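Here is the structure we will look at.
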Amino acid sequence: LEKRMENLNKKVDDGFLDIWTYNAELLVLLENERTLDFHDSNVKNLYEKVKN
Amino acid sequence: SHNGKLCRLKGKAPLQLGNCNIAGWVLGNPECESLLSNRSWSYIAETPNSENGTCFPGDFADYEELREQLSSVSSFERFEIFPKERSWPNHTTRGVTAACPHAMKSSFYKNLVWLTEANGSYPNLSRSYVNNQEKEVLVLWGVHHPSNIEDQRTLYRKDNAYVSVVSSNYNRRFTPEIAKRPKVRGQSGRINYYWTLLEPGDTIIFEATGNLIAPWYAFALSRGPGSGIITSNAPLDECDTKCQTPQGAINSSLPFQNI
Amino acid sequence: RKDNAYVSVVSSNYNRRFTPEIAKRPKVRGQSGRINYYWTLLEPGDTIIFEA
Ligand SMILES: *[C@@H]1O[C@H](CO)[C@@H](O[C@@H]2O[C@H](CO)[C@@H](O[C@@H]3O[C@H](CO[C@H]4O[C@H](CO[C@H]5O[C@H](CO)[C@@H](O)[C@H](O)[C@@H]5O)[C@@H](O)[C@H](O)[C@@H]4O)[C@@H](O)[C@H](O[C@H]4O[C@H](CO)[C@@H](O)[C@H](O)[C@@H]4O)[C@@H]3O)[C@H](O)[C@H]2NC(C)=O)[C@H](O)[C@H]1NC(C)=O
Ligand SMILES: *[C@@H]1O[C@H](CO)[C@@H](O[C@@H]2O[C@H](CO)[C@@H](O)[C@H](O)[C@H]2NC(C)=O)[C@H](O)[C@H]1NC(C)=O
Ligand SMILES: *[C@@H]1O[C@H](CO)[C@@H](O)[C@H](O)[C@H]1NC(C)=O
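Protein chains in written order, with the deposited numbering: chain A, 1073 to 1124; chain B, 46 to 304; chain C, 202 to 253.
Take a look at the structure:
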């Protein structure tokens, strides 16, 4: 006789974990792109330093 | 953008309550007589303000838990748990009230039986039902709380009566409480409605010496993966969408909505 | 040895009256009778009173 509580606790536990899963995955892919562009900029600024 | 109209889901018509509540559907309200047939649905469509619920006044115990249990129910089989003629040889089952008028005459619930006296005596009651439907069975009853001791002695022939309803997972004893009450729908008495969900292979036992509104028809409930209760004022037409809101239906593959 | 019995369990934060309910019941583990189990958590320096 506490099904509204069981569904609410299930909603909280399956909403927080989905939000933090999305946050971790989104942070991983965004800083993967930032790393892959950061390395290209470090090679290009080295080439520009030797050119200058 | 939506249709603006209520739709069937995947070729399955919704259970439209119309003027009914969840309570008036399960109790078998005489205005809610179209819903009392063996059927399946995709969702339950209900009006935001519907008045045909419990016609006799009283407290529906754990109504919102019954709504949460019935949100995941896809179909029922309405079967006579206790027959009105066979199971009651020593009580007068022909009990109607003025709180539930059906075509301008007095009637009572189509799922419940108001037991009264027979030949000036109310005998002891012990009726057992064993679940052989292999599903969850919604058992529904009521306990009558009169307004004065004169109506209690008139109806049930004793001052002190009780109702005992014991399952394996249910154990509750009920005591009528005679008191002076405000009139709701012309009645100063109350029928308090209770419910339990029988397990497959479980036994319900109904014991009473008075004030029992016994079960007549029970609901053998079938669960489903996708179902719910939608509160909408939208009219239902012929429609075969896959997404359904209260405000209409959606036919697109777009990932988001703001309806 | 009596028709009407009671159990009264009173603490500072607990107050409940228990009445036995004799009824015809389904048999679970070979018994038609029930023992209803209750519990409470005493505070430090608190008094529990059992009356029956
Ligand atoms: C303050 O409140 C308290 C409680 O809240 C009040 O206490 C109550 O007072 C009333 C009124 O006096 C009492 O009712 C009486 O009960 C008597 C004993 O009952 C026994 O006999 C019954 C006989 O049954 C038959 O008669 C009744 C009508 O009386 C019919 O309904 C029935 O169908 C039968 O035909 C048994 O049924 C019962 O089980 C008991 O064994 C009655 O004898 C008494 O009847 C007298 O009065 C009638 C008119 O009302 C008259 O017709 C009769 O002939 C007879 O003279 C009456 O019903 C409550 O019992 C009592 N309750 C408690 C718990 O004590 C209190 O009065 C109130 N005080 C004030 C100042 O308001
Ligand atoms: C609605 O469903 C119930 C099932 O619970 C039907 O009751 C069965 O009816 C058949 C006869 O067609 C009997 O053989 C079964 O024993 C009944 N089962 C019970 C009472 O549990 C009921 O007839 C259906 N009503 C309809 C189709 O109008
Ligand atoms: C159903 O609702 C209508 C309108 O609110 C009302 O007039 C009627 O008495 C109701 N019927 C029952 C049985 O409650």
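Each residue gets a CB set at the ideal place from its N, CA and C atoms; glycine is no exception.
Check, Outcome
"Taking only three categories from DSSP, how would you classify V141(B)?", "coil"
"Looking only at its own chain, which residues have a Cβ that is under 8 Å from the Cβ of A294(B), when we skip the five neighbours before and after it?", "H47, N48, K50, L51, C52, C284, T286, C288"
"Listed in chain order, which residues of the stretch 105 to 134 of chain B have Cβ atoms closer than 8 Å to some Cβ of chain A?", "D107, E109, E110, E113, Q114"
"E252(B) versus chain C: which residues are under 9 Å apart at the beta carbon?", "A224, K225"
"Shorter than 6 Å, the distance from the beta carbon of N97(B) to the closest heavy atom of ligand 2, or not?", "no"
"Compare the Cα-Cα distances from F251(C) to each of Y207(C), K203(C), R202(C) and report the closest residue.", "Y207(C)"
"Going by C-alpha distance, which of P102(B), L54(B), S87(B) is nearest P227(B)?", "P102(B)"
"Alpha carbon to alpha carbon, how far is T92(B) from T99(B)? Give it in angstroms, no decimals.", "16 Å"
"According to DSSP, is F1110(A) helix, strand or coil?", "helix"
"Pick out whichever of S119(B), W133(B), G165(B), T248(B) has its Cα sitting closest to the Cα of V184(B).", "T248(B)"
"Got a sec: is the Cβ-Cβ distance from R172(B) to anything in chain C below 7 Å?", "no"
"Roughly how many angstroms separate the alpha carbons of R230(C) and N214(B), rounded to a whole number?", "14 Å"
"Would you check if there are 3 or more beta carbon pairs closer than 8 Å linking the stretch 152 to 161 of chain B to the stretch 68 to 77 of chain B?", "yes"
"Taking 6 Å as the cut-off, is the C-beta of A263(B) nearer than that to any heavy atom in ligand 2?", "no"
"Compute the Euclidean distance between the alpha carbons of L266(B) and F105(B), then round it to the nearest angstrom.", "20 Å"
"Between the Cα of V118(B) and the Cα atoms of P300(B), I89(B), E125(B), which residue gives the shortest distance?", "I89(B)"
"Using a Cβ-Cβ cutoff of less than 6 Å, which residues in the same chain neighbour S116(B) once the five nearest sequence positions on both sides are dropped?", "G273, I274"
"Within 10 angstroms of its Cβ, does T220(C) collect 16 or more other Cβ (buried), or is it exposed?", "exposed"
"Can you tell me which of the three DSSP states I249(C) falls into?", "coil"
"Can you find a C-beta in chain C that's less than 7 Å from the C-beta of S209(B)?", "yes"
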